[PDB]
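Protein chains in written order, with PDB author numbering: chain O, 2 to 119; chain T, 6 to 119; chain b, 2 to 55; chain d, 2 to 47.
Using N, Cα and C, we set each Cβ at its ideal position, and we do this for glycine too.
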Amino acid sequence: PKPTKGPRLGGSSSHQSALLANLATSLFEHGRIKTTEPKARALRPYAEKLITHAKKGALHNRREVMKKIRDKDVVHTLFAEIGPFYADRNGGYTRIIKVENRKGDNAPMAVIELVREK
Amino acid sequence: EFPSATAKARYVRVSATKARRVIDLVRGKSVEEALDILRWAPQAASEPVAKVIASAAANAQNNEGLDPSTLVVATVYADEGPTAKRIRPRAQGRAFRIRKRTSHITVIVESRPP
Amino acid sequence: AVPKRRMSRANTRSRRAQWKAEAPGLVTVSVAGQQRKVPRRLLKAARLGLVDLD
Amino acid sequence: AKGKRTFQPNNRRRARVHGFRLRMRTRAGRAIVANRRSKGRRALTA
RNA sequence: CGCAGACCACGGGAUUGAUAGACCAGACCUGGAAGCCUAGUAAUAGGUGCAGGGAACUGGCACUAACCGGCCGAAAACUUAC
RNA sequence: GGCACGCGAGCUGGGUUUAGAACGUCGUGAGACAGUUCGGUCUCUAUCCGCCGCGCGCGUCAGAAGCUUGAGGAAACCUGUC
RNA sequence: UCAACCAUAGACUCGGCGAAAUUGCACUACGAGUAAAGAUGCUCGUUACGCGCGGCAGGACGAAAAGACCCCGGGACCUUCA
RNA sequence: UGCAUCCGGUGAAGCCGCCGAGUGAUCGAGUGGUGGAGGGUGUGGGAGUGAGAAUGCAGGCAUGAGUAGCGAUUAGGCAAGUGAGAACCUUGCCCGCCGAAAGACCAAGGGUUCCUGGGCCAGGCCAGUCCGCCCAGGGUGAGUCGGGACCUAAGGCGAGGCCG
RNA sequence: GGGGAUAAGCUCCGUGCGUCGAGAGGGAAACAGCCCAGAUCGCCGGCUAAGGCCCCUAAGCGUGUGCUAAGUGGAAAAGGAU
RNA sequence: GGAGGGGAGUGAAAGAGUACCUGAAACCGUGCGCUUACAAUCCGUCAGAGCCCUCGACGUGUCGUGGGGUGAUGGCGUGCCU
Ligand SMILES: CC[C@H]1OC(=O)[C@H](C)[C@@H](O[C@H]2C[C@@](C)(OC)[C@@H](O)[C@H](C)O2)[C@H](C)[C@@H](O[C@@H]2O[C@H](C)C[C@H](N(C)C)[C@H]2O)[C@](C)(O)C[C@@H](C)C(=O)[C@H](C)[C@@H](O)[C@]1(C)O
Numbered sequence: 002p003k004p005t006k007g008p009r010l011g012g013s014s015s016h017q018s019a020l021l022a023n024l025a026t027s028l029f030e031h032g033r034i035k036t037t038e039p040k041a042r043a044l045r046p047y048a049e050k051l052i053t054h055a056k057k058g059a060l061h062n063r064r065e066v067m068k069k070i071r072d073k074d075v076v077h078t079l080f081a082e083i084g085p086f087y088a089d090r091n092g093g094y095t096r097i098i099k100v101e102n103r104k105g106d107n108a109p110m111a112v113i114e115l116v117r118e119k
Numbered sequence: 006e007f008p009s010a011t012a013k014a015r016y017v018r019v020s021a022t023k024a025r026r027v028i029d030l031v032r033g034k035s036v037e038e039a040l041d042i043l044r045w046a047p048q049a050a051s052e053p054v055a056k057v058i059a060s061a062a063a064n065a066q067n068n069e070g071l072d073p074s075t076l077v078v079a080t081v082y083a084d085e086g087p088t089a090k091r092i093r094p095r096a097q098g099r100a101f102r103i104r105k106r107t108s109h110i111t112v113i114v115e116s117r118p119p
Numbered sequence: 002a003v004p005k006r007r008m009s010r011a012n013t014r015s016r017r018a019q020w021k022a023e024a025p026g027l028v029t030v031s032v033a034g035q036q037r038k039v040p041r042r043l044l045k046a047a048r049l050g051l052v053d054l055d
Numbered sequence: 002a003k004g005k006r007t008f009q010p011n012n013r014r015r016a017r018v019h020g021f022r023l024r025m026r027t028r029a030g031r032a033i034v035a036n037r038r039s040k041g042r043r044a045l046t047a
């Protein structure tokens, strides 16, 4: 998606890419995660473009997803449950809910989910 | 003059001027409003202050038998308490002092009829 | 360079009082049947229970 | 870099050049011990 | 949210909505994907196929988020002339 | 031409003017030379005035919103060949 | 010549802990002068609503070290047919 | 401090005020508050007897200022737990860094830091339920390992001795 | 009076010369050394000195007779000039 | 959670609570009265409008051989010691 305009997220370009993949893996495995708000904002244009790949389930797309998330177990979950579940809804697979600030460094916190409504 | 209750927190491990930054938000408000503002304030100095104001109402509630809902925060002020000195080493041998500060806090709540 | 003079009382307090905090704007929400005040930013979460109210 | 400080501690060398049995050996050393006793020192010698 | 920006400010939108993200389509960049089949001993080449991948530009689309919300905010009169 | 022969809390250190070394010359000697030659640490978180920018408060006799006149400033002003 | 763009560590914003050199004062403008002969503080004028935030370093003869150059006084060490 | 006198738990000294006084250093046996045990006056005697400054000494506290910093070149993330309190503690799964080291064993050095239980005003450049921190208890097993009981080098001491 | 270039806010001398030093008050815009005048204290009384009397600024856009056209007044030389 | 505190008690006194006699100054707050956002201020001094408090006499508030606190505005005014 649109690259981060500002300076990167983990402190480097390489660390951001590993940060996004790990968060997306956690998000799909559990369903909802609670992270720092600027992390959750950067997750949406990334974690929900993968669901687009799982929507058009094919061998080619499975190679595309596996080249980012690196975890073979989650890909099956993505292509067998998350994939066909969102087969009708176009866009907006995730929702971001804002929560309390962290006690230690007062970082803003946000909870990113998957829409389970339909 | 209205009936009132007092609370003190002596030797609170917070800098006196860093407790005044939060107290200023809460002068003259009622205790119910005081606690709600203090909880959502993003300053770590709010925890000792909220405990005192909660304690002042508790003294008024039980030791004096005033209604909780009629209490307002009349006078609040954070004095300064004993200071212990530490030393932080620096470059080229010089040793600069470090002051560990401490503060007292006083709260008085009165039962002003609405 | 170093301060040449000892800043007077009027000049110290004038600048110091600009170091203050702004109290948050709180709205009233009803959780479990009781009314509690949460900032409008955290309004949506407090209805779903994601916000812990002491 | 060369950060070798002056004091490199050692115990045989300490008691061999500031020790008691060296102090009592010479005339000046016995004065050092007898002097520190008068001042009341707890540790007469190194 | 912004091509506005050190913070602040400034400009736009806030369900009577195209403000951002996504989704579809287009422009453009790269250059002929994976899988399969065929030829070759093999490196590799050809077909399927202007294919595939893709961020910023353009247009549709309320699918997600702009919220069952708080705080400020309006008049002593008098004299002379007409 | 002036502005500390403008300007080193803005930059360099080639020169000059520390300690090393050599030549010519002076001195019996330590040494010396407005003689020459090779080498030789450039420190500091901006308090006040100043200046470049951006905000918060109040005022302009009720509270607000558009669109403006402009006293007073600032910028520019070069020029050749055919 | 002649600079341009990208990323990190600072700078900048929010939360926590929290120093230092300096310091006679203080609601510390500018011009022409006057003065111990280079004035925020004096005379005569001109300009300037109160308080801040990020920046630049011209002044406060800015900070640091009771000038190492020069001279007077006292040492120290060296030289020699003192 | 001599001597003589008067006040004081019915409240002295000291400290903070009000109302005043003297030509000055200053005064108040004029009075309020705090205080709790010694003071005043006259006349003599003796002074460690009066500080605003010595880049004076010791203690306390300001201005700069809620400002600079928070100590590399690796990088953290999520779920669950304990807890009043969790970015920093524990468990699991991912990611990353060293890999002639940032792994393993020693000598010198340190001296209880090692383990178990407990604690979270002091310290940790933040908070901490954690800790090389604080408290209590426990732990170091040699005929063969490194040493002595075996041996000498450089060197030290040195019966007598020589020299002074 | 010497030295100097008959320059210095220069330097060295003389002076029953002054003042500052060691001296306030009025005047010279400000301005130790020039001019008036030596502060024992108080007064919400009076007369004057140097200096002034259009407004700032106290008291005269004072009276008589003239002169100046240059803002001379409110800086200057050899020399030029119906 | 603790620290700490509020009632209740001991005590002559808790303005004696193991941070403990008396408890000053620098330094730090809180409440009240006056004043301050067109203004050049060795931070005072001499005049001085307004507001607030007090003591008297006289009516509703108005003067006085009055006392205090603030001070708008004008005049004057170049730190202390060596
Ligand atoms: C690194 C750290 C040092 O920085 C330097 O090296 C600077 C660069 C020196 O300049 C060196 C380098 C240089 C070239 O000057 C820049 C040379 O001229 C001399 C030797 O000074 C300084 C500031 C010197 O000042 C100079 O002293 C001169 C005699 C007078 C000059 N000026 C005021 C008249 C003044 O600046 C002086 C005395 O050493 C300062 C004293 C107090 C110190 O010793 C301090 C503690 C030094 O440790 C230092 C400052 O930390």
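Just to confirm the assignment, what range does the beta strand (DSSP E) spanning T:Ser9 have? 9–17
In chain order, what residues of the same chain have a beta carbon less than 8 Å from the beta carbon of O:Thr37, not counting five sequence neighbours either side? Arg103, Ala108, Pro109, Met110, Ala111
Sort T:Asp29, T:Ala65, T:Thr88 by Cα distance to T:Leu76 and report the nearest one. T:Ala65
Would b:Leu51 count as contacting chain O if we go by Cβ distances under 7 Å? yes
What number of angstroms, rounded off, separates the C-alpha of T:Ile42 from the C-alpha of b:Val52? 16 Å
Quick one, which residues of the region 36–50 of chain b are near chain T if we go by CB-CB under 9 Å, in chain order? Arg37, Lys38, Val39, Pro40, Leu43
Within chain b, partners of O:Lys104 - CB distance below 7 Å: Under the 7 Å cutoff, chain b gives no residues; its nearest Cβ is about 12 Å from O:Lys104.
Find the residues of chain b that neighbour O:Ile98, judging by a C-beta separation of less than 8 Å, and give them in chain order. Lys45, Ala46, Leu49, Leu51
Please report the distance separating the alpha-carbon of O:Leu60 from that of O:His54. 10 Å
Determine whether the beta carbon atoms of O:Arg90 and O:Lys119 lie at a separation below 7 Å. yes
With the cut-off set at 7 Å, would you say T:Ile113 and T:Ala79 are in Cβ contact? yes
Counting pairs of Cβ atoms below 8 Å between the region 6–18 of chain b and the region 28–48 of chain T, do you hit three or more? no
Check the C-beta distance from b:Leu54 over to b:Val28 and give it rounded, since I have them as a contact under 8 Å. Between b:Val28 and b:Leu54 the Cβ distance is about 14 Å, and since that is not below 8 Å, they are no contact.
Tell me which residues of the region 40–64 of chain T have at least one Cβ-Cβ distance to chain b shorter than 9 Å, keeping chain order. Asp41, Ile42, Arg44, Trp45, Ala46, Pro47, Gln48
Could you name the residues of chain b that T:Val27 contacts, counting a contact when the two beta carbons are closer than 9 Å? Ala22
Member of O:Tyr87, O:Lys68, O:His16 whose CA lies at the smallest distance from the CA of O:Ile52: O:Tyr87
Assuming O:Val75 is part of the alpha helix (DSSP H), what are its boundary residues? 73–78
Using a Cβ-Cβ distance under 7 Å, would O:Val112 count as near chain b? yes
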